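Read through the structure below, which is laid out as structure tokens, and then see the notes.
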Amino acid sequence: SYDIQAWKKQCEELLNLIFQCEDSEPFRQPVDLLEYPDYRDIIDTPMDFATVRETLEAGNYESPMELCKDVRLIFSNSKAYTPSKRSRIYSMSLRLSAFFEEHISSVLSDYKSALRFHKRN
Ligand SMILES: O=C(NCC1CC1)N1CCN(C(=O)c2ccc(Cl)c(Cl)c2)CC1
């Protein structure tokens, strides 16, 4: 399975599955700074799933590793901003993360395999 471009549609499909999940709702759009007025005192680089999807569709990811780094930032931001490890929003973030890690692993493996095959000779 040595298609170097296949990761892009596979990531589009996985983002569709995350957007169809209730646990994504706090992460679909940038954190509301009126709701959380100290957010940028804690978080240096905001990230959300609409920004990831727009970056993918603009053709501004070169690899699925770059998309994976941004999605992981969504989760690390939630962990850094949470006042408690028991908080609702953080709790939702950990379920999304396990689902994401479960499905992204084949996308990364297949892409890296395809690039090694391209450089085989
Ligand atoms: O659009 C969907 N299905 C399309 C299929 C043709 C029917 N979805 C998206 C969400 N689904 C998950 O698998 C899921 C489960 C747990 C978590 Cl945490 C997350 Cl993020 C996602 C199933 C329903």
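By the numbers in Swiss-Prot, the shown part of chain A spans 1315-1435.
Recorded method for this deposit: X-ray crystallography, 1.2 Å.
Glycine residues also receive a Cβ, built from the backbone N, Cα and C atoms like all the rest.
The phosphoserine annotation in Swiss-Prot covers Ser1315, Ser1405. Among the features that Swiss-Prot reports, domain 'Bromo 2' is placed at 1316-1421, with the record citing sequence analysis. The feature phosphothreonine is assigned by Swiss-Prot to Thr1359.
Across the range of the domain 'Bromo 2' (1316-1421), the DSSP-based residue counts are 70 helix, 0 strand, 36 coil. Counting in whole angstrom, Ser1315 (phosphoserine) lies 35 from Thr1359 (phosphothreonine) by their C-alpha atoms. The residue listed as 'phosphothreonine' and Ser1405 (phosphoserine) are 21 Å apart (CA-CA, integer value).
Taking each of the modified residues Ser1315, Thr1359, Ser1405 in turn and counting other Cβ atoms within 10 Å of its Cβ gives the largest count for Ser1405.
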